[PDB]
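Student: To start, I am sharing the structure in question, which I have written as structure tokens.
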Amino acid sequence: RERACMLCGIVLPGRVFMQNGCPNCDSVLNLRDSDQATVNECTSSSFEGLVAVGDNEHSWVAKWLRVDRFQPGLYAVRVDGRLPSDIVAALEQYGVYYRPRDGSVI
Amino acid sequence: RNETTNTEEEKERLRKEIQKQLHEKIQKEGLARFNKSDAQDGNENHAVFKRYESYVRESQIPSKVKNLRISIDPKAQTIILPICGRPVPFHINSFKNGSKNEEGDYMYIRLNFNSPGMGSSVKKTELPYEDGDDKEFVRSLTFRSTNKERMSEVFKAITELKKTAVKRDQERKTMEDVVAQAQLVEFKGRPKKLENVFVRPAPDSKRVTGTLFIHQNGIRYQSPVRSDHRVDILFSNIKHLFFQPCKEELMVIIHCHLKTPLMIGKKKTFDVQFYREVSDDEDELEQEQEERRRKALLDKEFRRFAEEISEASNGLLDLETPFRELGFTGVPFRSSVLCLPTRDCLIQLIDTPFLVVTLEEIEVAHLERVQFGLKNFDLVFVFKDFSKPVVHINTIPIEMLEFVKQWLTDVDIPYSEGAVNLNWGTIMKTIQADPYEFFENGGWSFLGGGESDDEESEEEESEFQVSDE
Amino acid sequence: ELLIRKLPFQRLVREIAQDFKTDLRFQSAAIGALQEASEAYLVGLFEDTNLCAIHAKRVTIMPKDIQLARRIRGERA
Amino acid sequence: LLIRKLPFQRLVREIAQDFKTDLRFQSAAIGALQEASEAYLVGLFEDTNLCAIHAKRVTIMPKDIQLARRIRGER
Amino acid sequence: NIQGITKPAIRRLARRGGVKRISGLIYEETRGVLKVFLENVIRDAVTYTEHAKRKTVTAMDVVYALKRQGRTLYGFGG
Amino acid sequence: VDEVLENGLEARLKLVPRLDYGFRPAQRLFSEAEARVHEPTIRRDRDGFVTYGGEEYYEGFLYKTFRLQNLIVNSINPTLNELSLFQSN
DNA sequence: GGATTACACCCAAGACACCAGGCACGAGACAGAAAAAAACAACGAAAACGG
DNA sequence: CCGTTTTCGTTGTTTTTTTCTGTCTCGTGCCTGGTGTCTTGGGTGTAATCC
Ligand SMILES: [Zn+2]
């Protein structure tokens, strides 16, 4: 069982997301401090395009996927589902702009 | 607060004065009920022997007996035993228990018979033998046989015959004290009816919904699955009629407490209950509102039906409802339950076995375990009919003590309090033996002893309300 | 890990606190400590309730078991 | 007080004989010990009665005492 | 806001407490017990805060209020 | 498609029930009276929302979740009969 | 050609619970033995007070 | 720390009668047996993806 965090794009087991949270998005999502509904709304088990990144700084793919500022690991090209409107507003409060990785927005 | 505690305690002096007038009243009404002539005409009660017989003529003994072996006659409930070439019959009633032991090639079966001295569990009222100090008894007979299989079959058949005899005697007793009732007169028009009702006790081991009908001289419950599972209850035999709506319950109830017990299926009962069950963040709050609608619907319909029963009785039956606000928790049987006062009775109807205590039938209430800083107490009801067993309500929370004392006073029931659980099996048998001598020596009025009678105290220090240095 | 969702517990805490003084603020660590203490308390209570239920020779915990445990602890009079 | 005053005194001295040899006692020490002991035991019997009633019984048994001491937090 | 303590959360707390089967009224009973506990603790904390002449409830107030009840908590600055 | 699950693998759908009330029966709006007559064990949860035999019927229409692998979302051929039966309510 | 597999559903078992029967170990009853309890008088250790 | 007062703790003896006990029978409540019906498994069977 693995899920893809919608915001940063990382893919980790859903129980890992629940127990420890997203190592990158915890500064704005608080996924560990969030309930299962919020975990699902920010981490989706339905995705496509497993991506393994070794060096974020120099990988052109990471820049193209906007994951060059995140922890190396399992990432998904496309993630099913988008962030909820309330979470979108909460992130916009923090000044961070959310670009969907669902592919429907480009 | 001091003037309110003075006012409350003066109302408590009136509470005590009422309690004293109740003890004196019952003492006068026990001396008037029992005269010295009734004491002189003391009735000695003797154990009744149920007379039985195996055979009247030697011709009645079956021709199968010719084998010099153990022959069983189920029709006459008889175990013929070969004692020195004698066909001696032994009725299954005289037989007690049996033990089979295959020792070597012979099967040694010891058939025990009823013998006085801690024998059968049957009460003294009915003895399986006639009373007799000079009577000697056959306590056990041990037989042996080379044929193990047949001897095992004979033992099984004796055991089965005993089970069938005990079952028939229980069935008779569940119909014995039951008084032969009149026949229910069906209503010649369209009867008033309540559908989808469950009955307690159930007439069959299967729980089935039925329809309750109002007739000219009673009510009829009728199961749709079998016509033979009808329960007829005459209005003349109903003592109390209760209705209980779903105020906290998953169920709605119409309860009939009876004057004479009825035989429903295999069970003798004084109580017949008719019931139905409701059971099957804003969405969960709305689902509770939908359950509250379903409660109110069944409450309205069953209350209306219980009023229509009261109307059909021509004023023989009042419809009672429990005062939930006056309810207290206690253990009359094996579970903690909410005991609910009504107009005329103390009731519990949610769980079986049911409690129905008529307030007018109470002679005295005793509060057991009441003393210095106690966690809980017990309440004992003694009835005016001393033949009726006392009713215990256990673990009533001590927080409810002053409320229960007030409620007993408001109902004109005398009460007494004690630190120790007094035995009533003893108290009652002594009171039954001579009720007149009991009241002559002070009945329960002397036992009450409300007067504190404490003057020793603990001395006093030099009384000086003056500032020292 | 904490078994209650954070926002419901925060809303409950604020609802309760609003009955003693309006416009009160809570540090997030205060809510975290309250949640830890409340869950620890509830787990200990459920352990005592389970002990009572097993004592009565049953498997299902019931409200009377809770009331008995709280009475024996000395919490309800 | 339901226990007497001399068997209890002897019990207290016997128990005290382990912690320091030949210890004297005072006017209101044994009395206070007896009051505390009886109050404690009465409370324990209250809890035991509650448990026994919970089990649908009227007889108190040692497992009720054990459950009471477990819930109280007693070792 | 007391309906936010859902039935699954009470089930989870009972499972960590080792409870195998749960009645249907346990949820309301537990909500009442939790409300009483929280009421007492928050009342003590707010007393501490008012005494300190503050408008914010700190972690120290909660820790002292738990020490007041006898529920000493480690790991929050005590 | 009354509801689309955020997972995208399943979705709650509005359908015409196929029941016999006690080889498939023809589609027909769930009739509460016939269902009770043939099966008196109907459940009720809300007004207009009825659960019969473990199946949730809302105002005569079945509401059941179906997998994405259970649907054709393109080249859909509609019939007036079904359109009228769906839009009459 | 081949194979492992998803998916709905039926036939069935493990489990906590409810009801019934009966046998024995406990309560109730009675006559008897035991020593805790009550009451009495004597001696003085040590508790309460002072500088 | 040292000397004072005088309460109540320790010492022993006699008498009373409530409590402990030996003994019996009965019963009520502990334990074994029969049964409910729910939650869940293991399986068939229809149906399918994959290469
Ligand atoms: Zn992330």
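Quick note on naming: the chains in the structure tokens go A, B, ... in the order shown, residues restart at 1 in each chain, and ligands are numbered from 1 in order of appearance.
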Check every residue of chain E for an atom within 8 Å of chain C, counting only C-alpha atoms, and provide those that qualify as an MDAnalysis selection string.
Tutor: chainID E and resid 1:2 4:5 9 12:14 16:23 25:26 29 34 37:39 42:43 46 55:60 62:63 71 73 76
Student: At a cut-off of 8 Å and counting only C-alpha atoms (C1' of nucleotides) and all ligand atoms, what residues surround ligand 1? Please answer as a list in words.
Tutor: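 Checked against 8 Å with only C-alpha atoms (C1' of nucleotides) and all ligand atoms; the hits are residues 5, 6, 7, 8, 9, 10, 22, 23, 24, 25, 26, 29, 42 and 43 of chain A.
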Student: If you run DSSP on the backbone here, which positions in region 5-74 of chain C get strand (DSSP E or B)? Please write them as a list in words.
Tutor: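 Taking region 5-74 of chain C and keeping strand (DSSP E or B) gives residues 25, 26, 60 and 61 of chain C.
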Student: DSSP on the backbone: what in region 10-77 of chain C comes out helix (DSSP H, G or I), as a PyMOL selection string?
Tutor: chain C and resi 10-17+28-55+63-73
Student: Taking N, CA and C atoms for each residue, export the selection above as a tab-separated table (two decimals), in the first residue's frame.
Tutor:
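To be explicit, this is the file written out as selection_0.tsv:
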chain	number	residue	atom	x	y	z
C	10	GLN	N	-9.53	20.52	19.25
C	10	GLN	CA	-9.33	21.95	19.46
C	10	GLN	C	-10.66	22.68	19.55
C	11	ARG	N	-11.59	22.35	18.66
C	11	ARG	CA	-12.92	22.95	18.70
C	11	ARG	C	-13.65	22.61	20.00
C	12	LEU	N	-13.53	21.38	20.47
C	12	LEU	CA	-14.14	21.01	21.74
C	12	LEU	C	-13.54	21.80	22.89
C	13	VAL	N	-12.21	21.95	22.89
C	13	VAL	CA	-11.54	22.68	23.95
C	13	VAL	C	-11.98	24.13	23.96
C	14	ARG	N	-12.05	24.75	22.79
C	14	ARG	CA	-12.47	26.14	22.71
C	14	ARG	C	-13.93	26.30	23.11
C	15	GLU	N	-14.79	25.36	22.71
C	15	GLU	CA	-16.18	25.41	23.12
C	15	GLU	C	-16.31	25.36	24.64
C	16	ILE	N	-15.57	24.45	25.27
C	16	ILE	CA	-15.62	24.34	26.72
C	16	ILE	C	-15.07	25.60	27.38
C	17	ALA	N	-13.92	26.08	26.89
C	17	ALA	CA	-13.27	27.22	27.50
C	17	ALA	C	-14.11	28.49	27.37
C	28	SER	N	-0.52	25.99	21.02
C	28	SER	CA	-0.70	24.66	20.43
C	28	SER	C	-0.18	23.57	21.35
C	29	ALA	N	0.87	23.86	22.12
C	29	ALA	CA	1.39	22.87	23.05
C	29	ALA	C	0.42	22.59	24.18
C	30	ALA	N	-0.39	23.59	24.56
C	30	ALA	CA	-1.40	23.36	25.58
C	30	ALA	C	-2.44	22.37	25.09
C	31	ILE	N	-2.90	22.54	23.85
C	31	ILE	CA	-3.85	21.59	23.27
C	31	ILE	C	-3.21	20.21	23.14
C	32	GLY	N	-1.93	20.15	22.75
C	32	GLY	CA	-1.28	18.85	22.64
C	32	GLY	C	-1.18	18.14	23.97
C	33	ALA	N	-0.81	18.88	25.02
C	33	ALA	CA	-0.72	18.31	26.35
C	33	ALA	C	-2.09	17.84	26.83
C	34	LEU	N	-3.12	18.64	26.57
C	34	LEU	CA	-4.47	18.26	26.97
C	34	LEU	C	-4.89	16.98	26.26
C	35	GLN	N	-4.54	16.85	24.98
C	35	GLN	CA	-4.94	15.67	24.24
C	35	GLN	C	-4.20	14.44	24.75
C	36	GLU	N	-2.91	14.58	25.04
C	36	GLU	CA	-2.15	13.47	25.60
C	36	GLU	C	-2.73	13.03	26.94
C	37	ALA	N	-3.01	13.99	27.82
C	37	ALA	CA	-3.56	13.64	29.12
C	37	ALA	C	-4.93	13.00	29.00
C	38	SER	N	-5.77	13.53	28.11
C	38	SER	CA	-7.12	13.00	27.97
C	38	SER	C	-7.10	11.59	27.42
C	39	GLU	N	-6.24	11.33	26.43
C	39	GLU	CA	-6.18	9.98	25.90
C	39	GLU	C	-5.58	9.01	26.91
C	40	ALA	N	-4.56	9.43	27.66
C	40	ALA	CA	-3.99	8.55	28.67
C	40	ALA	C	-5.03	8.21	29.73
C	41	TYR	N	-5.79	9.21	30.15
C	41	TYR	CA	-6.85	9.00	31.13
C	41	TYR	C	-7.89	8.03	30.59
C	42	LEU	N	-8.32	8.25	29.35
C	42	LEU	CA	-9.36	7.41	28.78
C	42	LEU	C	-8.88	5.98	28.59
C	43	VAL	N	-7.61	5.79	28.26
C	43	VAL	CA	-7.10	4.44	28.08
C	43	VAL	C	-7.01	3.72	29.42
C	44	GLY	N	-6.56	4.42	30.47
C	44	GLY	CA	-6.57	3.80	31.78
C	44	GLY	C	-7.97	3.44	32.23
C	45	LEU	N	-8.93	4.33	31.96
C	45	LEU	CA	-10.31	4.05	32.32
C	45	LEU	C	-10.84	2.85	31.55
C	46	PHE	N	-10.48	2.74	30.28
C	46	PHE	CA	-10.94	1.60	29.49
C	46	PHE	C	-10.30	0.31	29.96
C	47	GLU	N	-9.07	0.39	30.47
C	47	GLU	CA	-8.41	-0.82	31.04
C	47	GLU	C	-9.17	-1.25	32.30
C	48	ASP	N	-9.49	-0.32	33.19
C	48	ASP	CA	-10.28	-0.68	34.37
C	48	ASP	C	-11.66	-1.21	33.98
C	49	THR	N	-12.28	-0.60	32.98
C	49	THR	CA	-13.58	-1.07	32.51
C	49	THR	C	-13.48	-2.49	31.98
C	50	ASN	N	-12.42	-2.78	31.22
C	50	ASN	CA	-12.21	-4.13	30.72
C	50	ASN	C	-12.02	-5.12	31.86
C	51	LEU	N	-11.28	-4.71	32.89
C	51	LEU	CA	-11.12	-5.58	34.05
C	51	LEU	C	-12.46	-5.87	34.71
C	52	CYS	N	-13.30	-4.85	34.87
C	52	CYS	CA	-14.61	-5.06	35.46
C	52	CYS	C	-15.46	-6.00	34.61
C	53	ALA	N	-15.43	-5.79	33.29
C	53	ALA	CA	-16.24	-6.61	32.39
C	53	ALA	C	-15.80	-8.06	32.45
C	54	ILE	N	-14.49	-8.30	32.50
C	54	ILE	CA	-14.00	-9.67	32.59
C	54	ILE	C	-14.35	-10.25	33.95
C	55	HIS	N	-14.33	-9.43	34.99
C	55	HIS	CA	-14.76	-9.90	36.30
C	55	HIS	C	-16.21	-10.37	36.25
C	63	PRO	N	-22.10	0.51	30.10
C	63	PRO	CA	-22.07	1.73	30.93
C	63	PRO	C	-22.04	1.46	32.42
C	64	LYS	N	-22.68	0.39	32.88
C	64	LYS	CA	-22.63	0.05	34.29
C	64	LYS	C	-21.22	-0.34	34.71
C	65	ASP	N	-20.45	-0.93	33.80
C	65	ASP	CA	-19.05	-1.22	34.10
C	65	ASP	C	-18.26	0.07	34.29
C	66	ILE	N	-18.48	1.05	33.43
C	66	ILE	CA	-17.80	2.33	33.56
C	66	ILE	C	-18.17	3.00	34.87
C	67	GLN	N	-19.46	2.99	35.21
C	67	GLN	CA	-19.90	3.64	36.44
C	67	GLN	C	-19.31	2.94	37.65
C	68	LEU	N	-19.22	1.61	37.61
C	68	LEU	CA	-18.63	0.89	38.72
C	68	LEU	C	-17.14	1.20	38.85
C	69	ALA	N	-16.43	1.24	37.72
C	69	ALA	CA	-15.01	1.56	37.77
C	69	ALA	C	-14.77	2.96	38.31
C	70	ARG	N	-15.59	3.92	37.88
C	70	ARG	CA	-15.40	5.29	38.34
C	70	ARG	C	-15.78	5.44	39.80
C	71	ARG	N	-16.73	4.63	40.27
C	71	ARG	CA	-17.09	4.66	41.67
C	71	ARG	C	-15.99	4.05	42.52
C	72	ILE	N	-15.42	2.93	42.07
C	72	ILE	CA	-14.39	2.27	42.85
C	72	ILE	C	-13.12	3.12	42.88
C	73	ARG	N	-12.80	3.78	41.76
C	73	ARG	CA	-11.66	4.68	41.79
C	73	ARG	C	-11.85	5.78	42.82
Student: Any idea which chain G residues end up within 12 Å of chain C if we count only C-alpha atoms (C1' of nucleotides), as a list in words please?
Tutor: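 Per the criterion, chain G yields residues 15, 16 and 17 of chain G.
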Student: Restricted to N, CA, C and O atoms (P, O5', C5', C4', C3', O3' and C1' of nucleotides), what would the selected residues look like written as a PDB file, in the first residue's frame?
Tutor:
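Writing the result to selection.pdb gives the following:
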ATOM      1  P    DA G  15     -13.125 -19.664  18.464  1.00  0.00           P
ATOM      2  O5'  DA G  15     -14.283 -18.720  19.052  1.00  0.00           O
ATOM      3  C5'  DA G  15     -14.421 -17.371  18.617  1.00  0.00           C
ATOM      4  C4'  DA G  15     -15.793 -16.776  18.960  1.00  0.00           C
ATOM      5  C3'  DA G  15     -16.129 -16.784  20.455  1.00  0.00           C
ATOM      6  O3'  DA G  15     -15.675 -15.578  21.062  1.00  0.00           O
ATOM      7  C1'  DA G  15     -18.034 -17.177  18.992  1.00  0.00           C
ATOM      8  P    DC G  16     -15.718 -15.323  22.651  1.00  0.00           P
ATOM      9  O5'  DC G  16     -17.151 -14.642  22.918  1.00  0.00           O
ATOM     10  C5'  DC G  16     -17.438 -13.331  22.447  1.00  0.00           C
ATOM     11  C4'  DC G  16     -18.887 -12.891  22.715  1.00  0.00           C
ATOM     12  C3'  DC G  16     -19.257 -12.874  24.208  1.00  0.00           C
ATOM     13  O3'  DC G  16     -20.007 -11.697  24.502  1.00  0.00           O
ATOM     14  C1'  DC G  16     -20.621 -14.421  22.974  1.00  0.00           C
ATOM     15  P    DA G  17     -20.601 -11.362  25.966  1.00  0.00           P
ATOM     16  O5'  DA G  17     -22.086 -11.996  25.897  1.00  0.00           O
ATOM     17  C5'  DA G  17     -23.039 -11.574  24.914  1.00  0.00           C
ATOM     18  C4'  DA G  17     -24.140 -12.615  24.596  1.00  0.00           C
ATOM     19  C3'  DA G  17     -25.117 -12.922  25.740  1.00  0.00           C
ATOM     20  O3'  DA G  17     -26.351 -12.197  25.664  1.00  0.00           O
ATOM     21  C1'  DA G  17     -24.565 -14.855  24.404  1.00  0.00           C
TER      22       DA G  17
END
Student: Using only C-alpha atoms (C1' of nucleotides), determine which residues lie at most 12 Å from residue 19 (chain F), disregarding the query and same-chain residues fewer than 4 positions distant; provide the list as an NGL selection string.
Tutor: :F and (23-32 or 34-35 or 38-39 or 52-53 or 55 or 57 or 61-62)
Student: Put those residues in a file: N, CA, C and O atoms, as a PDB file, in the first residue's frame.
Tutor:
ATOM      1  N   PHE F  23     -29.872 -14.141 -16.325  1.00  0.00           N
ATOM      2  CA  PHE F  23     -31.193 -14.202 -15.713  1.00  0.00           C
ATOM      3  C   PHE F  23     -31.338 -13.153 -14.615  1.00  0.00           C
ATOM      4  O   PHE F  23     -30.921 -13.375 -13.478  1.00  0.00           O
ATOM      5  N   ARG F  24     -31.932 -12.013 -14.958  1.00  0.00           N
ATOM      6  CA  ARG F  24     -32.125 -10.928 -14.010  1.00  0.00           C
ATOM      7  C   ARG F  24     -33.491 -10.306 -14.248  1.00  0.00           C
ATOM      8  O   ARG F  24     -33.970 -10.292 -15.388  1.00  0.00           O
ATOM      9  N   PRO F  25     -34.142  -9.796 -13.205  1.00  0.00           N
ATOM     10  CA  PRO F  25     -35.429  -9.123 -13.401  1.00  0.00           C
ATOM     11  C   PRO F  25     -35.263  -7.815 -14.158  1.00  0.00           C
ATOM     12  O   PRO F  25     -34.215  -7.169 -14.109  1.00  0.00           O
ATOM     13  N   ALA F  26     -36.321  -7.433 -14.869  1.00  0.00           N
ATOM     14  CA  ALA F  26     -36.308  -6.186 -15.616  1.00  0.00           C
ATOM     15  C   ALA F  26     -36.190  -4.999 -14.669  1.00  0.00           C
ATOM     16  O   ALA F  26     -36.676  -5.029 -13.534  1.00  0.00           O
ATOM     17  N   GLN F  27     -35.528  -3.946 -15.143  1.00  0.00           N
ATOM     18  CA  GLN F  27     -35.329  -2.763 -14.321  1.00  0.00           C
ATOM     19  C   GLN F  27     -36.666  -2.102 -14.012  1.00  0.00           C
ATOM     20  O   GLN F  27     -37.550  -2.003 -14.869  1.00  0.00           O
ATOM     21  N   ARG F  28     -36.819  -1.667 -12.762  1.00  0.00           N
ATOM     22  CA  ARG F  28     -38.066  -1.077 -12.303  1.00  0.00           C
ATOM     23  C   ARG F  28     -37.793  -0.297 -11.028  1.00  0.00           C
ATOM     24  O   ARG F  28     -36.982  -0.722 -10.200  1.00  0.00           O
ATOM     25  N   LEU F  29     -38.472   0.839 -10.878  1.00  0.00           N
ATOM     26  CA  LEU F  29     -38.311   1.655  -9.682  1.00  0.00           C
ATOM     27  C   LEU F  29     -38.681   0.846  -8.447  1.00  0.00           C
ATOM     28  O   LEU F  29     -39.673   0.113  -8.444  1.00  0.00           O
ATOM     29  N   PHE F  30     -37.868   0.968  -7.401  1.00  0.00           N
ATOM     30  CA  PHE F  30     -38.067   0.186  -6.190  1.00  0.00           C
ATOM     31  C   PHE F  30     -39.388   0.587  -5.542  1.00  0.00           C
ATOM     32  O   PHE F  30     -39.559   1.736  -5.125  1.00  0.00           O
ATOM     33  N   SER F  31     -40.319  -0.360  -5.463  1.00  0.00           N
ATOM     34  CA  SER F  31     -41.657  -0.113  -4.946  1.00  0.00           C
ATOM     35  C   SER F  31     -41.715  -0.584  -3.497  1.00  0.00           C
ATOM     36  O   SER F  31     -41.607  -1.784  -3.225  1.00  0.00           O
ATOM     37  N   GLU F  32     -41.895   0.366  -2.579  1.00  0.00           N
ATOM     38  CA  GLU F  32     -41.807   0.055  -1.155  1.00  0.00           C
ATOM     39  C   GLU F  32     -42.959  -0.835  -0.699  1.00  0.00           C
ATOM     40  O   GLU F  32     -42.767  -1.719   0.144  1.00  0.00           O
ATOM     41  N   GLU F  34     -44.820  -3.100  -2.510  1.00  0.00           N
ATOM     42  CA  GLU F  34     -44.603  -4.468  -2.975  1.00  0.00           C
ATOM     43  C   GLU F  34     -43.446  -5.116  -2.233  1.00  0.00           C
ATOM     44  O   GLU F  34     -43.497  -6.308  -1.904  1.00  0.00           O
ATOM     45  N   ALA F  35     -42.384  -4.348  -1.976  1.00  0.00           N
ATOM     46  CA  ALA F  35     -41.244  -4.886  -1.242  1.00  0.00           C
ATOM     47  C   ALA F  35     -41.646  -5.318   0.162  1.00  0.00           C
ATOM     48  O   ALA F  35     -41.236  -6.388   0.623  1.00  0.00           O
ATOM     49  N   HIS F  38     -43.887  -8.568  -0.116  1.00  0.00           N
ATOM     50  CA  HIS F  38     -43.058  -9.734  -0.381  1.00  0.00           C
ATOM     51  C   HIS F  38     -41.914  -9.891   0.610  1.00  0.00           C
ATOM     52  O   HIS F  38     -41.340 -10.982   0.698  1.00  0.00           O
ATOM     53  N   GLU F  39     -41.570  -8.843   1.358  1.00  0.00           N
ATOM     54  CA  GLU F  39     -40.482  -8.921   2.324  1.00  0.00           C
ATOM     55  C   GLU F  39     -40.638  -7.820   3.372  1.00  0.00           C
ATOM     56  O   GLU F  39     -40.206  -6.682   3.146  1.00  0.00           O
ATOM     57  N   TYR F  52     -33.406  -1.424   1.537  1.00  0.00           N
ATOM     58  CA  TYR F  52     -34.111  -2.694   1.466  1.00  0.00           C
ATOM     59  C   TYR F  52     -33.139  -3.778   1.030  1.00  0.00           C
ATOM     60  O   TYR F  52     -32.493  -3.653  -0.016  1.00  0.00           O
ATOM     61  N   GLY F  53     -33.038  -4.838   1.829  1.00  0.00           N
ATOM     62  CA  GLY F  53     -32.144  -5.936   1.507  1.00  0.00           C
ATOM     63  C   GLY F  53     -30.690  -5.538   1.421  1.00  0.00           C
ATOM     64  O   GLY F  53     -29.939  -6.114   0.623  1.00  0.00           O
ATOM     65  N   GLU F  55     -29.620  -2.781   0.216  1.00  0.00           N
ATOM     66  CA  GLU F  55     -29.458  -1.870  -0.909  1.00  0.00           C
ATOM     67  C   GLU F  55     -30.197  -0.573  -0.632  1.00  0.00           C
ATOM     68  O   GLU F  55     -31.362  -0.586  -0.221  1.00  0.00           O
ATOM     69  N   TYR F  57     -32.072   2.638  -1.611  1.00  0.00           N
ATOM     70  CA  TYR F  57     -32.898   3.217  -2.664  1.00  0.00           C
ATOM     71  C   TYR F  57     -33.389   4.583  -2.207  1.00  0.00           C
ATOM     72  O   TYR F  57     -33.998   4.703  -1.138  1.00  0.00           O
ATOM     73  N   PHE F  61     -35.100   5.268  -6.646  1.00  0.00           N
ATOM     74  CA  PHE F  61     -33.931   5.013  -7.477  1.00  0.00           C
ATOM     75  C   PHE F  61     -32.816   4.430  -6.624  1.00  0.00           C
ATOM     76  O   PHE F  61     -32.534   4.941  -5.532  1.00  0.00           O
ATOM     77  N   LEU F  62     -32.189   3.368  -7.120  1.00  0.00           N
ATOM     78  CA  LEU F  62     -31.063   2.772  -6.419  1.00  0.00           C
ATOM     79  C   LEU F  62     -29.843   3.681  -6.488  1.00  0.00           C
ATOM     80  O   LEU F  62     -29.543   4.272  -7.532  1.00  0.00           O
TER      81      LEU F  62
END
